[PDB]
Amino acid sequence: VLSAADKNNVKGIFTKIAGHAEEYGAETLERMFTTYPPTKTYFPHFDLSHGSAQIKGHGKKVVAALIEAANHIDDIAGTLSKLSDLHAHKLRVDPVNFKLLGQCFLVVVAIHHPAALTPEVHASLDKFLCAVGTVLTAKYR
């Protein structure tokens, strides 16, 4: 339910990933496609090669939405309502894929900001990413 401390830890880690929107987004996707090859299923029309312009382009969009979500954490369902129908009702990304992307995104921030990803902040991003995942696959069941 994102207690007051979770909100500060999450916004405190998005201050050091704010500038690196395209960079961290391209790497989090390339890790998802590498460690979990089945996730490539939902991008059959993309160039999944390393350093492709599409992965770097769509990757920026991915963490830019997470950045927009970190700013408005009192209301994540409303700030990601547009993407809710895209992932749950138009693409139907199976929810276990969001756990995978959040896992890869945690790996990226652990690589570039190991000092910041202290285990208190670790527990807060997992709370945060699991809420973003729920928003993107809550209109079902």
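Quick note: we count residues from 1 along the sequence shown, nothing fancier.
A.B. asks: Please compare 79-87 with 52-60 and name the stretch with the higher mean C-alpha B-factor in the deposited structure.
C.D. replies: Looking at the recorded C-alpha B-factors, 79-87 comes out higher on average.
A.B. asks: According to the deposited model, is the average Cα temperature factor higher in 32-40 or in 89-97?
C.D. replies: Comparing 32-40 with 89-97, the higher average CA B-factor belongs to 89-97.
A.B. asks: Comparing against every modelled residue in the chain, figure out the third that the C-alpha B-factor of residue 116 lands in (lowest, middle or highest).
C.D. replies: According to the entry, residue 116 has a C-alpha B-factor in the chain's highest third.
A.B. asks: Determine, from the deposited record, the chain-internal third of the Cα B-factor for residue 122: lowest, middle or highest.
C.D. replies: Ranked within chain, residue 122 CA B lands in the lowest tercile.
A.B. asks: Should residue 27 be placed in the lowest, middle or highest third of its chain by the C-alpha B factor in the entry?
C.D. replies: Bottom third by C-alpha B-factor.
A.B. asks: Taking the C-alpha B-factors as the PDB entry records them, is residue 104 in the lowest, middle or highest third of its chain?
C.D. replies: For residue 104, whose C-alpha B-factor we compare with every modelled residue in the chain, the answer is the lowest third.
A.B. asks: Sort the modelled residues of this chain by their C-alpha B factor and say whether residue 110 lands in the lowest, middle or highest third.
C.D. replies: Lowest third.
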